[PDB]
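Shown next, in structure tokens, is the structure this report addresses.
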Ligand SMILES: O[C@H]1CN[C@H]2Cc3c([nH]c4ccccc34)[C@@H]1C2
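Numbering (PDB author numbering), first residue to last: 1 to 282.
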């Protein structure tokens with residue numbers, strides 16, 4: 001079926017939970033043996049969210065190459081994404097090592113450091129120009145260059161220096177700051193505006209390594225971001241845009257990381273975002 005009318009048909013019939021449970025039943029199950037090794041327990045935020053072995057990002061280290069991060073490679077859309085958990089106190093150096101080694105231009109953050117009164121990720125970037133951060137375990141230096149605070153999101157320019165080679169690179173930090181502590185946004189308008197700002201920066205384009213996107217577990221809000229982006233790109237590329245099937249795209253993405261889209265409300269919000277987004281593109 002088309003999307004906008006499939007949408008109203010699920011609303012009128014109130015069957016979002018049944019649709020979402022079908023997706024959960026059909027989703028791929030691949031091994032995640034490296035994630036579950038005992039030496040990696042303090043590298044995982046949640047015991048039930050792990051990268052598959054076949055698609056995990058490897059650190060360029062011979063001691064321990066493990067990080068909780070996955071490469072989502074979308075062949076028809078010609079887009080790639082790295083989805084990862086919010087960094088832990090003992091993985092902030094690994095996080096920036098990954099950004100460096102994978103040649104990423106942009107980092108997309110969809111959570112606040114504290115939500116619901118608890119810490120959802122480490123404070124992993126510097127908050128003042130004159131107070132830079134050094135990650136001694138991976139030999140990197142990170143400096144805040146500029147910050148632009150808007151009503152729904154903040155954009156930061158960062159300098160990452162590899163202290164071993166003295167090479168430097170400019171990284172863009174795109175921080176969506178207004179996702180509610182509970183539920184999903186009422187309108188997709190600010191989330192779509194944010195997606196378009198990331199696109200306009202070049203961070204999603206083939207001349208760079210894959211964008212790094214995270215929330216707390218790296219599957220819910222993060223899944224919503226890449227699902228909406230890929231569906232909108234396919235609607236622009238195909239002769240028949242009504243042929244794009246958001247449930248089929250989501251199941252394709254779940255071949256590369258488990259659990260993408262965590263609730264039936266996030267599934268409905270993803271439909272809404274693609275529907276409204278397709279009208280603005282034209
Ligand atoms: O109620 C329907 C209206 N038309 C479509 C778009 C749309 C819907 N709900 C929304 C809420 C906020 C923004 C846009 C929408 C449903 C489907």
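Backbone N, C-alpha and C fix where the C-beta goes; we use that ideal spot for every residue, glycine too.
Q: Would you mind stating whether residue 158 and residue 173 have Cβ atoms separated by less than 7 Å?
A: Here residue 158 is taken as the residue at index 158 of the chain shown, counted from 1. Here residue 173 is taken as the residue at index 173 of the chain shown, counted from 1. With respect to the 7 Å criterion, residue 158 and residue 173 are classified as neighbours on the basis of their beta carbons.
Q.
Once DSSP output is grouped into helix, strand and coil, what is the label at residue 190?
A. Stepping through the chain shown from its first residue, residue 190 is reached at position 190. Note: residue 190 maps to helix in three-state DSSP.
Q | Coil, strand or helix - residue 148 by DSSP | A | Working through the chain shown from its first residue, we reach residue 148 at position 148. In this structure, residue 148 counts as strand in the three-state DSSP scheme.
Q) Does ligand 1 have a heavy atom nearer than 6 Å to the CB of residue 28? A) Along the chain shown, read from residue 1 onward, the residue named residue 28 stands at position 28. False, no ligand heavy atom lies under 6 Å from that Cβ.
Q) Among the residues of its own chain, which have a CB less than 7 Å from the CB of residue 51, if the five just before and after it don't count? A) By one-based count along the chain shown, residue 51 stands at place 51. Cβ within range, chain order: 32, 35, 68, 69, 70 and 257.
Q) Going by the CB atoms, is the gap between residue 93 and residue 30 shorter than 7 Å? A) Position 30 of the chain shown holds residue 30. Position 93 of the chain shown holds residue 93. Taking 7 Å as the Cβ cut-off, residue 30 and residue 93 do not qualify as a contacting pair.
Q: Compute the distance between the beta-carbons of residue 228 and residue 264, then report whether it is under 7 Å.
A: Position 228 of the chain shown holds residue 228. Position 264 of the chain shown holds residue 264. The answer is no: Cβ separation not under 7 Å.
Q: Indicate the three-state DSSP secondary structure (helix, strand or coil) for residue 280 in the structure shown.
A: Counting from one through the chain shown, the residue named residue 280 turns up at place 280. Three-state result, residue 280: helix.
**Q.** beta strand (DSSP E) segment containing residue 73, residue limits
**A.** Within the chain shown, numbered from 1, the residue matching residue 73 stands at position 73. Per DSSP, residue 73 belongs to the beta strand (DSSP E) from 66 to 74.
**Q.** Any heavy atom of ligand 1 nearer than 6 Å to the CB - residues listed
**A.** Residue list for ligand 1: 7, 187, 272, 275 and 276 (CB closer than 6 Å to any heavy atom, chain order).
Q) According to DSSP, is residue 116 helix, strand or coil? A) Within the chain shown, the letter at position 116 stands for residue 116. In this structure, residue 116 counts as coil in the three-state DSSP scheme.
**Q.** Complete alpha helix (DSSP H) runs within the segment 75 to 140 (minimum length 4 residues, chain order)
**A.** 92 to 101
**Q.** Where residue 169 falls: helix, strand or coil (DSSP)
**A.** As a position in the chain shown, residue 169 is number 169, starting the count at 1. DSSP places residue 169 in strand when its eight states are reduced to three.
Q: Put residue 261 into one of helix, strand or coil per three-state DSSP.
A: If you number the chain shown from 1, residue 261 lands on position 261. If DSSP states are grouped into helix, strand and coil, residue 261 belongs with coil.
Q) Between residue 63 and residue 89, what straight-line distance do the alpha-carbon atoms span, to the nearest angstrom? A) Indexing the chain shown from 1 puts residue 63 at position 63. Indexing the chain shown from 1 puts residue 89 at position 89. Approximately 19 Å between the Cα atoms of the pair.
Q: Let me know the alpha helix (DSSP H) ranges lying completely inside the segment 212 to 259, each 4 residues or longer, listed in chain order.
A: 221 to 237 and 246 to 253
Q) Can the beta-carbon of residue 214 be found less than 7 Å from the beta-carbon of residue 86? A) On the chain shown, position 214 is the one that residue 214 refers to. On the chain shown, position 86 is the one that residue 86 refers to. Yes, the pair counts as a contact, with Cβ atoms nearer than the cut-off.
Q. Does the segment 102 to 120 touch the segment 208 to 223, meaning 3 or more C-beta pairs lie closer than 8 Å?
A. yes
Q. Can the beta-carbon of residue 129 be found less than 7 Å from the beta-carbon of residue 144?
A. Within the chain shown, residue 129 is the residue found at index 129, counting from 1. Within the chain shown, residue 144 is the residue found at index 144, counting from 1. Less than 7 Å divides the Cβ of residue 129 from the Cβ of residue 144.
Q.
Only counting the same chain, and skipping five residues up and downstream in sequence, which positions put a Cβ closer than 8 Å to that of residue 281?
A. As a working note, residue 281 is residue 281 in the chain shown. These residues qualify, in order along the chain: 232, 235 and 236.
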